[PDB]
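**Q** Input: one structure, supplied below.
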Amino acid sequence: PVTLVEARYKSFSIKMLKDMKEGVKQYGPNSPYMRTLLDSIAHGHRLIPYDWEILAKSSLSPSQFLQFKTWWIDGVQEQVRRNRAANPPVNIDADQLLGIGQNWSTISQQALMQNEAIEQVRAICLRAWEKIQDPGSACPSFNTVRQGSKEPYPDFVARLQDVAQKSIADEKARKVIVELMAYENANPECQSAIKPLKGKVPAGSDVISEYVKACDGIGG
Amino acid sequence: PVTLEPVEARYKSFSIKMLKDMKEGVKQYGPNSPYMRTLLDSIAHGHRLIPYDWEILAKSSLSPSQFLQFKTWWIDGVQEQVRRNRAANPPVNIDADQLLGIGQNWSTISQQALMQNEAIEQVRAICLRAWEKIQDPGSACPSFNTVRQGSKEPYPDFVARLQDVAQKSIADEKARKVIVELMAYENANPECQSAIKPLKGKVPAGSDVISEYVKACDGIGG
């Protein structure tokens with residue numbers, strides 16, 4: 001990252017890259033430990049689009065760098081359409097956020113970027129990292145995730161909370177969908193255990209807290 | 001119906017539309033739908049119905065196998081009114097041949113057009129209870145042991161059958177209220193008995209028992 005009297009760009013150490021690879025390989029790219037570590041890296045530095053490529057290339061499988069680059073390209077193609085419709089329109093084109101082109105293809109040209117382009121490339125890079133799949137799997141639809149027999153209830157809810165995180169982009173639309181689907185796809189035991197509790201949050205609680213509290217020793 | 005205009009009491013028959021919609025109601029919804037009960041009550045309470053007009057309105061708007069029941073329960077409901085019309089002091093001068101519209105003194109329209117209002121309320125309360133025992137066109141009234149909720153049947157469709165049985169068998173409604181609330185638990189399938197068991201014996205406020213029962217079986221039926 002770059003350090004603010006002029007712009008000086010220094011690569012990462014070996015320890016940071018070793019920790020990132022050892023995290024991604026063992027726990028997954030979207031385990032909560034990796035999200036916490038990645039947000040601590042990104043919010044605590046000044047990342048140019050060179051550094052997202054250096055970080056993601058040296059940490060991900062080659063089957064996952066393709067997905068990272070693809071959803072980065074999709075995110076900047078949608079962010080450009082909201083950038084020209086401004087009043088005044090901002091001078092943030094596609095080739096300034098992708099880190100390629102004629103005027104933006106070397107680290108000396110990129111190190112003189114403003115705060116708004118930094119905070120705009122950060123959100124689309126994080127949303128790109130949020131969509132990277134696990135090595136052997138594909139993202140399923142909501143018709144497939146059902147609590148099978150002999151399976152705990154929070155293990156069932158924590159699959160829905162991830163499926164609704166890869167697909168749907170708005171959090172308010174995530175909450176209503178997972179609150180609805182937590183009752184329809186449940187086992188008959190947890191459905192009968194959860195039916196007298198529906199639509200009743202007592203005080204300062206989440207709905208799914210009382211839901212997982214309700215059916216508790218049911219499966220096993 | 002008859003009109004008391006200057007007094008003088010003239011007789012006028014029903015219209016054609018007033019008989020036509022009564023027949024089209026009875027034929028389609030049933031004789032004891034909630035629509036026909038209010039329609040018949042609005043006809044009866046807002047007019048002056050002598051026992052000729054009840055027979056005209058009942059003959060022109062019912063099946064041939066249901067006039068045989070209306071006339072029968074009319075006869076049985078006047079066989080028990082005189083037992084409470086001479087055995088209560090002072091005994092009133094209302095004989096059997098006045099509420100039935102037959103005999104020698106009460107057999108023509110001009111004779112029947114001059115009855116007193118106590119006899120009018122009495123024949124009204126007999127006929128409205130006679131109408132509540134007419135059966136659907138192919139059915140006999142079952143007993144309380146045979147109205148059991150079958151599997152894959154919703155709950156309000158079962159409680160409605162219970163109230164339909166209890167409206168034909170019991171004449172007192174205060175005893176109707178306390179039997180449906182017991183049979184609603186006693187005659188349900190186990191999928192609603194297990195869902196209704198923790199609720200028995202308490203209602204919070206502003207409610208009754210039979211709606212707090214049906215709230216707890218919201219999605220259990222098939």
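Ordered as shown in the structure tokens, chains take letters A, B, and onward, while each chain numbers its residues from 1 and ligands are numbered from 1 in the order shown.
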I'd like a table as a Markdown table: residues in chain B with an atom no more than 10 Å from chain A, each row giving the shortest atom pair and its distance in Å to one decimal, only C-alpha atoms counted, sorted by chain and rising residue number.
**A**
```
| residue | atom | partner | partner_atom | distance |
| --- | --- | --- | --- | --- |
| B:191 | CA | A:192 | CA | 9.7 |
| B:194 | CA | A:192 | CA | 9.6 |
| B:195 | CA | A:196 | CA | 8.3 |
| B:216 | CA | A:196 | CA | 7.4 |
| B:217 | CA | A:195 | CA | 9.5 |
| B:218 | CA | A:195 | CA | 9.4 |
| B:219 | CA | A:195 | CA | 9.1 |
| B:220 | CA | A:192 | CA | 9.6 |
```
**Q** Near stretch 113-121 of chain A, counting only C-alpha atoms, which residues have an atom at most 8 Å away, once you skip same-chain residues fewer than 6 positions from it, shown as a list in words?
**A**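 Here the answer would be residues 46, 47, 48, 49, 92, 96 and 97 of chain A.
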**Q** Figure out the distance between atom CA of residue B:183 and atom CA of residue B:134, please, to one decimal in Å.
**A**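 For atom CA of residue B:134 relative to atom CA of residue B:183, the distance reads 23.5 Å.
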**Q** Give me the residues near residue B:11 as a compact mmCIF listing (two decimals) with N, CA and C atoms, in the first residue's frame, where near means some atom within 10 Å (using only C-alpha atoms) and where sequence neighbours in that chain fewer than 5 positions away do not count.
**A**
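Saved as part.txt:
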```txt
# COMPACT_ATOMS: atom_id res chain seq x y z
N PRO B 1 -98.87 -10.09 2.70
CA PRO B 1 -98.99 -9.39 3.98
C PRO B 1 -100.20 -8.47 4.01
N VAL B 2 -100.55 -7.97 5.19
CA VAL B 2 -101.70 -7.10 5.34
C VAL B 2 -101.23 -5.72 5.79
N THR B 3 -102.01 -4.70 5.45
CA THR B 3 -101.72 -3.32 5.80
C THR B 3 -102.85 -2.76 6.65
N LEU B 4 -102.49 -2.03 7.70
CA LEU B 4 -103.47 -1.40 8.59
C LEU B 4 -103.58 0.08 8.22
N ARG B 48 -96.54 -8.13 8.24
CA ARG B 48 -97.57 -8.70 9.09
C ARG B 48 -98.01 -10.01 8.45
N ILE B 50 -99.85 -13.41 8.43
CA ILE B 50 -100.91 -14.27 8.93
C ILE B 50 -100.56 -15.70 8.53
N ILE B 109 -109.23 -15.91 4.53
CA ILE B 109 -108.32 -14.78 4.57
C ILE B 109 -108.94 -13.62 5.33
N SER B 110 -110.23 -13.35 5.08
CA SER B 110 -110.91 -12.26 5.75
C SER B 110 -111.13 -12.55 7.23
N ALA B 113 -107.48 -12.09 8.79
CA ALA B 113 -106.86 -10.77 8.71
C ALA B 113 -107.06 -9.93 9.97
```
**Q** At a cut-off of 12 Å, using only C-alpha atoms, what residues contact residue B:201? Leave out same-chain residues fewer than 6 positions from it and give the result as number ranges by chain.
**A** B: 181-182, 185, 208-210, 212-213
**Q** The selected residues should be written to file as a short mmCIF file (atom, residue, chain, number, x, y, z; two decimals), in the first residue's frame (atoms: C-alpha atoms).
**A**
```
data_model
loop_
_atom_site.label_atom_id
_atom_site.label_comp_id
_atom_site.auth_asym_id
_atom_site.auth_seq_id
_atom_site.Cartn_x
_atom_site.Cartn_y
_atom_site.Cartn_z
CA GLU B 181 -66.83 -25.81 23.19
CA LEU B 182 -66.48 -29.30 24.67
CA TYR B 185 -61.73 -30.68 21.81
CA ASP B 208 -64.06 -16.35 23.18
CA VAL B 209 -62.99 -19.97 23.41
CA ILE B 210 -63.80 -21.14 19.89
CA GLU B 212 -58.62 -19.06 20.46
CA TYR B 213 -59.03 -22.75 19.62
#
```
**Q** Please extract the residues of stretch 29-214 of chain A with a backbone DSSP assignment of alpha helix (DSSP H) and present them as a tab-separated table (two decimals) with C-alpha atoms, in the first residue's frame.
**A**
```tsv
chain	number	residue	atom	x	y	z
A	32	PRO	CA	-15.76	-15.13	9.61
A	33	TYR	CA	-12.07	-15.19	10.56
A	34	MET	CA	-11.07	-14.34	6.99
A	35	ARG	CA	-13.70	-11.62	6.69
A	36	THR	CA	-12.47	-10.03	9.93
A	37	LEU	CA	-8.81	-10.26	8.85
A	38	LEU	CA	-9.53	-8.93	5.36
A	39	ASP	CA	-11.54	-5.98	6.65
A	40	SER	CA	-8.77	-5.21	9.14
A	41	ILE	CA	-6.31	-5.19	6.24
A	42	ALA	CA	-8.45	-3.13	3.86
A	43	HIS	CA	-9.79	-0.50	6.27
A	49	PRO	CA	-6.00	-1.84	-7.72
A	50	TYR	CA	-2.48	-3.25	-8.09
A	51	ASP	CA	-2.64	-4.49	-4.51
A	52	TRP	CA	-5.97	-6.27	-4.84
A	53	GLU	CA	-4.45	-8.29	-7.67
A	54	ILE	CA	-1.28	-8.98	-5.68
A	55	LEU	CA	-3.33	-10.01	-2.64
A	56	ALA	CA	-5.92	-12.13	-4.44
A	57	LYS	CA	-3.45	-13.84	-6.76
A	62	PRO	CA	-6.61	-20.51	-9.77
A	63	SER	CA	-10.24	-21.62	-9.89
A	64	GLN	CA	-11.05	-18.73	-7.54
A	65	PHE	CA	-8.99	-15.93	-9.07
A	66	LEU	CA	-11.21	-16.32	-12.14
A	67	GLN	CA	-14.33	-15.76	-10.03
A	68	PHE	CA	-12.73	-12.82	-8.23
A	69	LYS	CA	-11.77	-11.14	-11.50
A	70	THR	CA	-15.18	-11.84	-13.03
A	71	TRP	CA	-17.26	-10.35	-10.24
A	72	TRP	CA	-14.83	-7.42	-10.02
A	73	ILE	CA	-15.52	-6.68	-13.70
A	74	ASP	CA	-19.28	-7.04	-13.17
A	75	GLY	CA	-19.19	-4.75	-10.14
A	76	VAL	CA	-17.35	-1.97	-11.91
A	77	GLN	CA	-19.63	-2.32	-14.97
A	78	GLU	CA	-22.60	-1.70	-12.70
A	79	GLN	CA	-20.89	1.05	-10.66
A	80	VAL	CA	-20.07	3.06	-13.80
A	81	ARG	CA	-23.80	3.35	-14.65
A	94	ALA	CA	-14.21	1.96	-15.83
A	95	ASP	CA	-10.46	2.06	-16.49
A	96	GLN	CA	-9.74	3.91	-13.25
A	97	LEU	CA	-11.35	1.27	-11.03
A	107	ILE	CA	1.79	1.93	-9.93
A	108	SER	CA	3.16	5.47	-10.24
A	109	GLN	CA	0.05	6.55	-12.15
A	110	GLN	CA	-2.23	4.86	-9.59
A	115	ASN	CA	-10.12	9.13	-1.53
A	116	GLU	CA	-13.40	8.63	-3.40
A	117	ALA	CA	-11.93	6.21	-5.95
A	118	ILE	CA	-10.27	4.31	-3.09
A	119	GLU	CA	-13.52	4.01	-1.16
A	120	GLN	CA	-15.29	3.04	-4.40
A	121	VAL	CA	-12.89	0.27	-5.39
A	122	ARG	CA	-12.96	-1.08	-1.81
A	123	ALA	CA	-16.68	-1.86	-1.76
A	124	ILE	CA	-16.72	-3.59	-5.14
A	125	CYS	CA	-13.61	-5.62	-4.27
A	126	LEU	CA	-15.21	-6.72	-1.00
A	127	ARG	CA	-18.45	-7.64	-2.77
A	128	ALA	CA	-16.33	-9.55	-5.29
A	129	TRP	CA	-14.63	-11.47	-2.48
A	153	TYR	CA	-31.36	-26.77	13.75
A	154	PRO	CA	-28.59	-24.08	13.87
A	155	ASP	CA	-26.61	-26.10	11.32
A	156	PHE	CA	-29.67	-25.73	9.10
A	157	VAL	CA	-30.05	-21.99	9.73
A	158	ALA	CA	-26.37	-21.25	9.08
A	159	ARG	CA	-26.67	-22.67	5.56
A	160	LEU	CA	-29.59	-20.37	4.76
A	161	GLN	CA	-27.71	-17.38	6.13
A	162	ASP	CA	-24.88	-18.06	3.65
A	163	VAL	CA	-27.04	-18.89	0.63
A	164	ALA	CA	-28.86	-15.61	1.21
A	165	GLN	CA	-25.47	-13.86	1.40
A	166	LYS	CA	-24.07	-15.07	-1.91
A	171	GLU	CA	-29.51	-6.89	3.66
A	172	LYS	CA	-33.12	-5.87	4.33
A	173	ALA	CA	-34.17	-8.29	1.60
A	174	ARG	CA	-31.92	-10.93	3.18
A	175	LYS	CA	-33.53	-10.68	6.61
A	176	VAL	CA	-37.16	-11.11	5.54
A	177	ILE	CA	-36.31	-14.05	3.26
A	178	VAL	CA	-34.30	-15.97	5.85
A	179	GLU	CA	-36.91	-15.28	8.55
A	180	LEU	CA	-39.60	-16.67	6.26
A	181	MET	CA	-37.60	-19.67	5.03
A	182	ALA	CA	-36.49	-20.69	8.54
A	183	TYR	CA	-39.98	-22.15	9.12
A	184	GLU	CA	-40.98	-23.63	5.74
A	188	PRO	CA	-41.64	-31.80	11.20
A	189	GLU	CA	-40.23	-31.99	14.74
A	190	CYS	CA	-38.93	-28.42	14.71
A	191	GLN	CA	-42.06	-27.27	12.87
A	192	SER	CA	-44.27	-28.69	15.63
A	193	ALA	CA	-41.86	-27.29	18.22
A	194	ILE	CA	-41.78	-23.85	16.60
A	207	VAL	CA	-36.40	-13.90	15.83
A	208	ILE	CA	-33.98	-16.71	15.01
A	209	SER	CA	-32.60	-16.65	18.57
A	210	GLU	CA	-36.01	-17.66	19.93
A	211	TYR	CA	-36.37	-20.04	16.99
A	212	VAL	CA	-33.19	-21.99	17.77
A	213	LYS	CA	-34.00	-21.75	21.48
A	214	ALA	CA	-37.40	-23.36	20.85
```
**Q** Quick one, how far is atom CA of residue B:196 from atom CA of residue B:158?
**A** 14.6 Å
